[PDB]
Structures are given as C-alpha cells and as structure tokens.
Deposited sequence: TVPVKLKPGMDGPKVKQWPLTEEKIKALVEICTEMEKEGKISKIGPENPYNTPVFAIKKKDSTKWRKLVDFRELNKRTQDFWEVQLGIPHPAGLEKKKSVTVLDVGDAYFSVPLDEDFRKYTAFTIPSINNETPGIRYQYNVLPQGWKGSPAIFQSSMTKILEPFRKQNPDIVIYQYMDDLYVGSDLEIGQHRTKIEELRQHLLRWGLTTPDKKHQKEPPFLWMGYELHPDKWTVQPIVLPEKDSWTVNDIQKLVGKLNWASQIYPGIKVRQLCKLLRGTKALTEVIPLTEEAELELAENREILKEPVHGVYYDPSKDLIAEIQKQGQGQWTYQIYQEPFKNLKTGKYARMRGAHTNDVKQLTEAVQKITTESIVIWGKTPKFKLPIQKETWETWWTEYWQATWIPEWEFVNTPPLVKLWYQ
C-alpha cells in the first residue's frame, strides 16, 4: 500500500448525509453488505468521526444499482500527486468505459482508510445507521486513479502499441477511448478492449461536432420599434465582448417616443451597420485561451420548452465554449445536461467544471440522483439567472 496523506494541515471530511429513499437504502445495503463479505469495506466504530455522503444511482442499460460515493470533499482534502491528449477532442468518436472495479483489487494505506468513512442512513432515524470505511482503493476518490496509474500502464501497454490508432485517456473511474475508425470498426476495437481488460467493464461522443453556438440577431421582414429596442439592448450587451459592434445608427431610428408597435423602415446607413454587427458575431471573440491554472465555470439557462443553454468560461464574457441542450421534466433534463457538459469539459480539458444551476438546492438535492449516471460529481452552486441574460442566448 502507498502512504497517502491529506494536503498538509487538513483533517478528514465530515459531510452530512442527505436523506435517502427506502429504495436507494435497500440497494446500498445489499451492495455494502456484499463489499463487506469480499473485504472491500469494513464496519467502523465511534472512534471515527469522519463522513462522506453515499448515494445509489442506476446504471444505464442495466437493472443493477451502483453505489455512488460523493468524495468531493475528501478529494479536495487529499494531497496532489506528482498528461491530457491535445487530440482526444479532435478524434472522430470516443466511447466511455467504467473501469472502477479495477481499484477493488488494490489496498488502501491503513492510516488513510479512516478518511473514507461513509454511512447508510435509516428511515426516520429509527436505527443508528450503518457505518463503513474502505480497505481497497475506493471508486470516486482522487487517489485511486493515481495510485493505480502504474498498474494501468502495465496493462494498456499491449493495446497501446497494438492499436496506436486509437487514443486512450483515463479520468477517475472512466476511460475515454477515441478514434476515427468506422463506427462498426470502432465498436469492435472497443469490445476488443473490454476483453483485454477482463484479462486482468460496461459503457459514442463524436467531439468532432461539438459546436460553439454563436450569438444571433433576429432576421425580420419588418422591424418595429420594439424589435429594434430588443435589438439595440442585445447588441449593447455584446459590445462588451465584440467592441466593433455599433448601434449609433440603430439608436437614430429610436429617437422620439414612438409607439412600440410602430413599424420602422431601416435607413440605408443603419441597415449597413447591422450587417457589420452580424458579421462580427459569426465567430467567437479572438484571443481567449484556456488557462490550466483556472477553474472552469459552466452556467446554464432554462430557455423553456425543454431547451437549455450553457457557456464555459474562466473569466467573465471570455467564453471557451457555448452550447444548447434539448429534449421528461425540468430536473431530469438539467441533470442530463450537467453531465453532458461535464463529459465534454473532461474530453476537451480533462477537468470537470463548476456549475451554476438554476434551481432550488432542495429540489436538486432531492431528484438529481434519480437520473444521474456518471461516476463523478462536478462542483455546483445554485443561482437565480436574470431575464436579460436568458434573452440574449439562443
């Protein structure tokens, strides 16, 4: 085992466990009861004051439950360990594989196990609740992938030299296998992997198509005072980014106090300005690169009608990406989107971003696990998106 430690000075996590449904609890019991039999985990005693919340999510294309342990706090308190494929996103199509079970065959430094304590609560606090800690490398922990790195190269060695046509990237419990081969000749080399892996794992992304939704301006037959006003307001907001945007000429049609619905013919001078403003918006602003030293932020907006919008930046307005997601219920969608964005974020930069979700914390904390499927959990906070902003997207 490897002597792991928390970042200097730091102690272990003591995260409250969000109440669970009788269903999820029963599942977690059947599971932990079993991991206990196989020595992966062990019941702990009162001398352990640490805690990490545990949840149960269902696997996609599987009737079985998966134990999702939210080691977010613990991962922050863990020490750092001392390479992302510049072309994984370039690749035509990538598949994602869960190799979390790889860890369940490697011990966890004895003096560190205390820090992985977690609890299976009981309905209405009628019983004290089952307490365990890990003996093997736990799925979801920052240290597992790291500590298992060696053993992982020693195993991806053959496929890597055998098939140097496919790029393989690992991220925590997941494996991103990319290539440009035919989708049939792909889904194959993938199963050829699931086999070279069983020799020691359940589940296409196509990072090729991932596009940056530009800002758009209404193309109207006729233009009313209102239309122009929405136009100017939006443009003005965007002049913050693309300073070449002018509205001087558009504001001229808006002098006086006309009737909102009054149709306005657009002056020659003005129609030539809009076109320039349109051209400028066709592509993302220049000189905005990804700083590895900065957190990735991801904001979402409910557009309505089952349509959402996101943007990934580090500095305000300086967007690294922008997208849109479309169809359930509001919550299901938002969770599916978060994941979709997290994956992409991983695929492109190798780090999950920090989301700013438009929903009450209690509502989210309540249903998010009903549709979550990823093995990781991004960081997130809850916000109250303004109107104007939402209007300026999609």
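Residues of the deposited sequence with no modelled C-alpha atom fall in the ranges 83-88, 207-218, 222-226, 351-355.
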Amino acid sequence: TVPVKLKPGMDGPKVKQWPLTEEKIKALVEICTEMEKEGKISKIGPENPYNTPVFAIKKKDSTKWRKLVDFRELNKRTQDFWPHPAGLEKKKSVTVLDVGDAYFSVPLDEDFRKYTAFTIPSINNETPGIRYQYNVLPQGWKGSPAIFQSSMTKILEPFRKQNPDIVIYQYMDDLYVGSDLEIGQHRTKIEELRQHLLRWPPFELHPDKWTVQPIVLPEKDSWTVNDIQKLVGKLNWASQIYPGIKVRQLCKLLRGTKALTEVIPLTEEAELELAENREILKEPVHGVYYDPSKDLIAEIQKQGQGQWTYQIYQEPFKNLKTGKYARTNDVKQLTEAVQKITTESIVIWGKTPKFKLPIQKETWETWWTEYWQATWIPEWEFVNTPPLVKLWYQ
From here on, numbers count along this sequence of modelled residues.
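Mean CA temperature factor is higher for 328-336 when stretches 46-54 and 328-336 are set side by side in the entry. The stretch 93-101 shows the higher mean C-alpha B-factor when 93-101 is compared against 140-148 in the entry. Within the selection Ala117, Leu217, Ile130, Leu254, the deposited Cα B-factor values reach their highest point at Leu254.
Among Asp109, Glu192, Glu126, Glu283, the highest C-alpha B-factor recorded in the PDB entry belongs to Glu192.
In this PDB entry, the Cα temperature factor of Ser62 sits in the top third of its chain's modelled residues, the highest group. Remark: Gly244 belongs to the middle third of its chain, ranked by C-alpha B-factor as recorded.
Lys161: CA B factor lies in the highest third for its chain, per the PDB record. Among the modelled residues of its chain, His84 has a C-alpha B-factor that falls in the highest third, as given in the PDB entry. Among the modelled residues of its chain, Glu299 has a C-alpha B-factor that falls in the lowest third according to the deposited record.
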